[PDB]
Structure formats: structure tokens, C-alpha cells
Amino acid sequence: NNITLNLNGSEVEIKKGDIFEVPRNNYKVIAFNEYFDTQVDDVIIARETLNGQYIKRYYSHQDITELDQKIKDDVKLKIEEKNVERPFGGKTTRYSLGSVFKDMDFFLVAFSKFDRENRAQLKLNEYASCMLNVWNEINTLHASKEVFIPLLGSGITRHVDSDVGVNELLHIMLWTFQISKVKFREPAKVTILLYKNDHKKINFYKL
Amino acid sequence: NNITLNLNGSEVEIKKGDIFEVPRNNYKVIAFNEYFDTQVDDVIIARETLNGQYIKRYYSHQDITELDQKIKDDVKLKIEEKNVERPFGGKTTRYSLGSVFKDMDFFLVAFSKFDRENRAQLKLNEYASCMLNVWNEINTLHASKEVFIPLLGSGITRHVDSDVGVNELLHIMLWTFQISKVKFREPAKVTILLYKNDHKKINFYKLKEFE
Ligand SMILES: Nc1ncnc2c1ncn2[C@@H]1O[C@H](COP(=O)(O)OP(=O)(O)OC[C@H]2O[C@@H](n3cnc(C[C@H](N)C(=O)O)c3)[C@H](O)[C@@H]2O)[C@@H](O)[C@H]1O
Ligand SMILES: Nc1ncnc2c1ncn2[C@@H]1O[C@H](COP(=O)(O)OP(=O)(O)OC[C@H]2O[C@@H](n3cnc(C[C@H](N)C(=O)O)c3)[C@H](O)[C@@H]2O)[C@@H](O)[C@H]1O
């Protein structure tokens, strides 16, 4: 099923699709972690995540070195902490949740937190506040292009202080989008893509 | 014009009322600043705010000393920074926005930020993130009692990066309430109070659309 929600003049469309099949004339969101980690060894970053699929599909190992340098050099990324201890490897600079690094037509999001076991996790309020910063970045950077975003949080992300369901993750995305709209009266045209069986789990009647 | 909203099995009532006329057996929310400042001299804290009215109504200058001590003794208040320079006076410990200090039947909220001019202000995302933490504390502390709350942000607070109106502040309060409900599936029974003729500036039709 495909739907288009008119949110007081701003249309958000929810439909089935593949984030990697969107034409190049559009922006695509991919959730990274609070370190923008790029090591896809199934230890730090897992190849099953979009974070992992994106790096393996578009980046050779020597290209990853340049990507790490461009992120490090992006002065707009707000730093929360430096010289953090990663016991199994990984980058040592932690960024604010919801920070967006622009990688050509892709918006790479500092989405989830990592502990010393490299377990991606968010408290519910951290998830809500992260999405707020994501819409803030998206509404700033869209430049009249359309933005495609997956159902952020509905993957391996551990929601450690709630029993939130995928339908509720979608509702939090729409609520924080409506909050962000108040600041950006002309927001981006956003499309939320559902993947495979996740399209059936969403109740479009309530949506 | 008084209405009750049913938000997925949770009732949030919006009515006209006076926060200082609520029965003692209920919890009442009052917005302080990020420092929990208590000096009402119209320089730091202005007597026109609920922050100032609450202090003048219930606290002598001698009692304020004990209140200042009880706040800094509260280990639950998360500290963002210590020893900030206040050029015109005030407290130097800064707390996370939305921190709630419980003062008997009152919830005192670290609501707004202060600059070196002592200007209460919030960016819109700071306001939304503040309300998120407020509902978190309220849903944690309510203990089956009813919680009464004013329309936070609709007073002297400066919204510095948007043209947010009164109705939109109320909509953000409800949206952040709905988010916090996902974590607290038995949320507090909440009543939002509108003062004097502020109910006349509220579009109650748009409020019912939250159902
Ligand atoms: N082609 C496609 N098009 C459109 N939608 C698609 C799609 N394919 C799949 N979807 C669906 O889209 C939803 C989102 O997908 P996804 O982004 O993967 O999930 P997420 O929860 O939003 O984010 C994951 C978080 O974990 C971190 N992380 C990275 N590696 C680790 C391992 C670590 N050691 C640990 O154990 O934690 C942790 C990573 O940095 C990130 O922050 C999902 O429903 C999926 O089915
Ligand atoms: N009896 C009643 N019952 C029910 N509702 C009532 C009521 N009375 C009034 N209402 C209505 O309730 C709404 C909220 O009232 P109120 O709390 O006053 O406004 P607020 O924006 O939510 O919070 C103010 C912020 O500024 C800070 N601040 C403190 N002093 C300064 C001066 C500083 N030098 C500067 O210049 O900034 C700044 C203070 O710490 C706080 O964070 C409003 O619509 C009002 O009409």
C-alpha cells in the first residue's frame, strides 16, 4: 500500500521501495552511528545494516580512507567528545546525535549510540531528539530536492528503555516532522520508504 | 471553552484556570530557568513571570536560602556546566533543560536558557527537547496524582529562531506528550491551564484533530 499524508500543506509520502533505487536527482538518508564508523567487519559495523550495505556498495577500502578524512574535516559536525576508548577499534570522535554529513546525494546520519560492546542503542527520548535534529538538517539542506528516508530505528537499533513498535517509530518520525515544520514553514518533500514485509506491518488506516 | 482530549486512551484536559488555585493534593508545574534562579529583582527573575509569582507568594527571603540549598543538594538534577559567569548576579550551576526539582506539591522546571543579558530564550528544537524531558519527569514522578501545567513558553520566553505562535506551542506540548506516552504507557493524568482570556486565542478545533 502507498499513501501520501497532507500535513497542513506539507505532503509526506509513505510507500514501499528501495533506498538504493532512487534516481540520482534526489537525496537519500542512511543511518550511521555517533562516530560515523566505516569499518564493516561485522564487529563494529554489520554488513546487514544500511550503514554496512551503503559502504560496501559504493566504497572500496582505499576510498573509505578519503571518506574518513572528509567527515573529520567537516567543521559543521558538532563534536560531543574526543579521544574516546574503543576497545575493539573504531573512530574516537563522538558527534551529536542527528548530525548529518553530506556525501554527494546521500545524507549520512549520526543516528545511534555505541557502547563498549559496539551495541547500537537509543533511549526513546534520544531517538525523538535525534529525529528532531535529522529533520532540522534535512529542512536546511534539501534545496528543493526530494528527500528519501528509511524507517529509522526499525533495524538492529536497540531501544533500551521502551517496547516501541515499528508503527510507533513511524509515528515519532511524523510527530517530530510536524514539530520541525514550525521552524521551517517550507519543509522538504520527504518520502519514507518501507522495505519488504515492513510494508504490511504498518497500519495505513491509522496513518 | 474547555475540552478534554483522548490521546490513544490517555486523557489530557485543556481548560481555563489559575495554577495557584489548584487543590494541594495535585501537582503543579512552574517554569524556572536553567539555573533555578530565585532572585526576583526584575533583573534576573522578573516578578511578572510565574517563576517570580511563585517565589514571592510562597517564599520569604529567608526561606529562599533553604530552597537554594535543597536544589543544589538534589543529586538527580543533571548538571550541564558549573561556574558559569553571571555578570549581573545569579546562580552559576547550569542544569539540563527540562530538569524537574520537586518542591512539595510543585514541580519546578529548568525551562529556559539565560544569556549574559539574562534574556530567557529557547530555540525551537530546545523547546521541543525541553518538553520531552518534562513529560519524562512528570510521567516518572506523578504517583497517580493529577498534574497541572501552564502553557509553557507563552510568556516572556523568547523563541529566537521561529515565529511560533501560542497554538503551535500547545501543539508541540501535545506532540511531545504523545512521544513520551510510548515509553510511559500509563502516563500521568494531565491538565493544561490557560490564563484569563488566553483561551480565546486557542483554536480548539485544531486541538481535537489530535484524536
Ligand atoms: N534497501 C533498503 N531500502 C529501504 N529500506 C531498507 C532497505 N534495506 C533495509 N531497509 C529497512 O530500513 C530500515 C532501516 O535499516 P537500518 O538502517 O539497517 O536500521 P536502523 O535501526 O535504522 O539503523 C541501524 C543502526 O545500527 C548501527 N549499526 C551498524 N552496524 C551495527 C552492528 C553493531 N556491532 C551492533 O551490533 O549494533 C550497528 C548503524 O550505524 C545504524 O545507526 C530497516 O527496517 C530495514 O529493514
Ligand atoms: N496564575 C496562572 N495560572 C495559569 N496560567 C498562568 C497564570 N499566570 C500566567 N499564566 C500564563 O501561563 C503561561 C506561562 O507563564 P510564564 O511561566 O510566566 O511564561 P513562560 O514563557 O512559560 O516561562 C517564563 C520563562 O522566563 C523565565 N524568566 C523569569 N524571569 C525572567 C526575566 C528575565 N530577566 C528576562 O528578561 O528574560 C525570565 C522563567 O524562568 C521561565 O523559564 C503564560 O501564557 C501566562 O500568561
# chains A, B, ... in the order shown; residues from 1 in each chain; ligands from 1
>>> residues_around(residues="residue A:6", least_positions_apart="2", cutoff="12 Å", atoms="only C-alpha atoms", output="PyMOL selection string")
chain A and resi 3-4+8-14+174+178+189-190+207
>>> write_last_selection(atoms="N, CA and C atoms", output="CSV table (one decimal), in the first residue's frame")
chain,number,residue,atom,x,y,z
A,3,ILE,N,0.7,5.6,0.4
A,3,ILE,CA,-0.1,6.7,1.0
A,3,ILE,C,0.6,8.0,0.9
A,4,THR,N,-0.1,9.1,0.9
A,4,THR,CA,0.5,10.5,0.9
A,4,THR,C,-0.2,11.3,1.9
A,8,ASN,N,-0.8,19.7,6.8
A,8,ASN,CA,-1.1,21.1,6.8
A,8,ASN,C,-0.2,21.8,5.7
A,9,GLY,N,-0.4,21.4,4.4
A,9,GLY,CA,0.3,21.9,3.3
A,9,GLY,C,1.6,21.2,2.9
A,10,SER,N,2.1,20.3,3.8
A,10,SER,CA,3.3,19.6,3.6
A,10,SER,C,3.0,18.1,3.4
A,11,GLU,N,3.3,17.6,2.2
A,11,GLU,CA,2.9,16.2,1.9
A,11,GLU,C,4.1,15.3,2.2
A,12,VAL,N,3.9,14.3,3.1
A,12,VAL,CA,4.9,13.3,3.4
A,12,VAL,C,4.3,12.0,2.8
A,13,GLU,N,5.0,11.3,2.0
A,13,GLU,CA,4.5,10.1,1.4
A,13,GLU,C,5.2,8.9,1.9
A,14,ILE,N,4.4,7.9,2.2
A,14,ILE,CA,5.0,6.6,2.8
A,14,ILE,C,4.6,5.6,1.8
A,174,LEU,N,6.8,11.1,12.2
A,174,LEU,CA,5.8,12.1,11.7
A,174,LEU,C,5.6,13.2,12.8
A,178,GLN,N,6.4,17.2,12.3
A,178,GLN,CA,5.5,18.3,12.4
A,178,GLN,C,6.0,19.4,13.4
A,189,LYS,N,10.2,18.0,0.7
A,189,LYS,CA,9.4,16.9,0.3
A,189,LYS,C,10.0,15.6,0.7
A,190,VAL,N,9.4,14.9,1.7
A,190,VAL,CA,10.0,13.7,2.2
A,190,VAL,C,9.2,12.5,1.8
A,207,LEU,N,-2.4,5.6,10.0
A,207,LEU,CA,-1.5,6.6,9.4
A,207,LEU,C,-2.3,7.5,8.4
>>> residues_around(residues="residue A:125", least_positions_apart="2", cutoff="9 Å", atoms="only C-alpha atoms", output="number ranges by chain")
A: 122-123, 127-130; B: 129, 132-133, 136, 179-180, 183
>>> closest_residue(among="B:124, B:152, B:134, B:100", to="chain A", atoms="only C-alpha atoms")
B:124
>>> interface_residues(of="chain A", to="chain B", cutoff="8 Å", atoms="only C-alpha atoms", output="list in words")
residues 124, 125, 128, 129, 132, 133, 161, 162, 163, 164, 168, 172, 175, 176, 179, 180, 182, 183 and 184 of chain A
>>> write_last_selection(atoms="N, CA and C atoms", output="compact mmCIF listing (two decimals), in the first residue's frame")
# COMPACT_ATOMS: atom_id res chain seq x y z
N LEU A 124 14.42 6.22 24.24
CA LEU A 124 13.33 6.73 23.41
C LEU A 124 13.44 8.24 23.21
N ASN A 125 13.79 8.97 24.27
CA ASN A 125 13.94 10.42 24.14
C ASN A 125 15.15 10.78 23.29
N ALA A 128 13.79 10.39 19.81
CA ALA A 128 12.95 11.53 19.45
C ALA A 128 13.80 12.76 19.17
N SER A 129 14.77 13.04 20.04
CA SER A 129 15.63 14.21 19.85
C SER A 129 16.55 14.04 18.65
N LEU A 132 14.51 14.92 15.62
CA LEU A 132 14.35 16.37 15.54
C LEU A 132 15.53 17.01 14.82
N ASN A 133 16.75 16.62 15.20
CA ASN A 133 17.94 17.16 14.55
C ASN A 133 18.04 16.69 13.11
N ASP A 161 14.86 1.35 26.58
CA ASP A 161 14.00 1.76 27.69
C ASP A 161 12.54 1.85 27.28
N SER A 162 12.13 1.08 26.27
CA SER A 162 10.74 1.05 25.84
C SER A 162 10.52 -0.20 25.01
N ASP A 163 9.25 -0.51 24.78
CA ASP A 163 8.84 -1.59 23.88
C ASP A 163 8.25 -1.02 22.59
N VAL A 164 8.90 0.02 22.06
CA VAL A 164 8.38 0.72 20.89
C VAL A 164 8.29 -0.23 19.71
N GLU A 168 5.03 2.68 15.87
CA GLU A 168 5.28 3.82 16.74
C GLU A 168 6.52 4.59 16.33
N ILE A 172 6.59 8.58 15.60
CA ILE A 172 7.55 9.53 16.15
C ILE A 172 8.24 10.31 15.03
N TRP A 175 5.63 12.90 14.05
CA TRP A 175 5.44 13.92 15.07
C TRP A 175 6.59 14.91 15.09
N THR A 176 7.83 14.40 15.13
CA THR A 176 8.99 15.28 15.10
C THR A 176 9.08 16.06 13.80
N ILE A 179 6.77 18.95 14.41
CA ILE A 179 7.45 19.92 15.27
C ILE A 179 8.45 20.74 14.46
N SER A 180 9.27 20.06 13.65
CA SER A 180 10.27 20.75 12.85
C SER A 180 9.62 21.69 11.83
N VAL A 182 7.30 23.73 12.25
CA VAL A 182 7.01 25.03 12.84
C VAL A 182 8.17 26.00 12.59
N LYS A 183 9.40 25.49 12.62
CA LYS A 183 10.57 26.33 12.35
C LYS A 183 10.78 26.52 10.86
N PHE A 184 10.57 25.48 10.06
CA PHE A 184 10.76 25.52 8.61
C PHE A 184 9.38 25.49 7.96
>>> residues_around(residues="residue B:39", least_positions_apart="2", cutoff="9 Å", atoms="only C-alpha atoms", output="list in words")
residues 37, 41, 42, 43, 44, 45, 46, 52, 55, 64, 89 and 90 of chain B
>>> residues_around(residues="stretch 65-80 of chain B", least_positions_apart="6", cutoff="9 Å", atoms="only C-alpha atoms", output="PyMOL selection string")
chain B and resi 36-38+59+93-96+99-101+103
>>> write_last_selection(atoms="N, CA, C and O atoms", output="mmCIF file, in the first residue's frame")
data_model
loop_
_atom_site.group_PDB
_atom_site.id
_atom_site.type_symbol
_atom_site.label_atom_id
_atom_site.label_comp_id
_atom_site.auth_asym_id
_atom_site.auth_seq_id
_atom_site.Cartn_x
_atom_site.Cartn_y
_atom_site.Cartn_z
ATOM 1 N N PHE B 36 17.801 27.477 37.897
ATOM 2 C CA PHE B 36 16.875 27.526 39.031
ATOM 3 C C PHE B 36 17.085 28.802 39.844
ATOM 4 O O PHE B 36 17.134 28.784 41.077
ATOM 5 N N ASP B 37 17.214 29.923 39.131
ATOM 6 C CA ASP B 37 17.424 31.209 39.784
ATOM 7 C C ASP B 37 16.216 31.582 40.633
ATOM 8 O O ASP B 37 15.068 31.335 40.256
ATOM 9 N N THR B 38 16.488 32.191 41.787
ATOM 10 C CA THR B 38 15.458 32.545 42.752
ATOM 11 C C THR B 38 15.472 34.017 43.139
ATOM 12 O O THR B 38 14.681 34.422 43.999
ATOM 13 N N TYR B 59 7.547 32.234 49.355
ATOM 14 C CA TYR B 59 8.873 32.263 49.952
ATOM 15 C C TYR B 59 9.413 33.583 50.442
ATOM 16 O O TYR B 59 9.590 34.508 49.656
ATOM 17 N N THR B 93 25.548 27.315 38.485
ATOM 18 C CA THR B 93 25.438 25.927 38.050
ATOM 19 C C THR B 93 24.283 25.807 37.063
ATOM 20 O O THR B 93 23.147 26.170 37.386
ATOM 21 N N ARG B 94 24.577 25.299 35.868
ATOM 22 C CA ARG B 94 23.589 25.157 34.807
ATOM 23 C C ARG B 94 23.116 23.710 34.729
ATOM 24 O O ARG B 94 23.932 22.785 34.761
ATOM 25 N N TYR B 95 21.805 23.524 34.610
ATOM 26 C CA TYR B 95 21.190 22.206 34.584
ATOM 27 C C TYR B 95 20.616 21.905 33.206
ATOM 28 O O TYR B 95 20.357 22.805 32.404
ATOM 29 N N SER B 96 20.414 20.616 32.944
ATOM 30 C CA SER B 96 19.805 20.189 31.691
ATOM 31 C C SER B 96 18.387 20.731 31.576
ATOM 32 O O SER B 96 17.622 20.722 32.545
ATOM 33 N N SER B 99 14.913 19.562 33.399
ATOM 34 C CA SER B 99 15.110 19.035 34.742
ATOM 35 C C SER B 99 14.009 19.544 35.662
ATOM 36 O O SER B 99 13.635 20.717 35.621
ATOM 37 N N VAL B 100 13.482 18.654 36.494
ATOM 38 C CA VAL B 100 12.407 18.993 37.416
ATOM 39 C C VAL B 100 12.931 18.842 38.834
ATOM 40 O O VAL B 100 13.401 17.765 39.217
ATOM 41 N N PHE B 101 12.868 19.924 39.604
ATOM 42 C CA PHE B 101 13.038 19.861 41.046
ATOM 43 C C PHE B 101 11.661 19.832 41.689
ATOM 44 O O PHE B 101 10.833 20.714 41.433
ATOM 45 N N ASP B 103 9.302 20.407 44.664
ATOM 46 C CA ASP B 103 9.213 21.245 45.857
ATOM 47 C C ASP B 103 7.829 21.015 46.455
ATOM 48 O O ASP B 103 6.892 21.766 46.173
#
>>> residues_near_ligand(ligand="ligand 2", cutoff="8 Å", atoms="only C-alpha atoms and all ligand atoms", output="number ranges by chain")
B: 16-21, 30-34, 36-37, 40, 42-52, 109-114, 117-121, 149-158, 193-196, 198
>>> residues_near_ligand(ligand="ligand 1", cutoff="8 Å", atoms="only C-alpha atoms and all ligand atoms", output="VMD selection string")
chain A and resid 17 to 20 30 to 34 36 to 37 40 42 to 52 109 to 114 117 to 121 149 to 158 193 to 196 198
>>> select_by_dssp(residues="chain A", states="strand (DSSP E)", output="VMD selection string")
chain A and resid 3 to 7 10 to 16 27 to 33 79 to 81 94 to 95 100 to 103 106 to 114 120 to 122 147 to 150 158 to 159 190 to 194
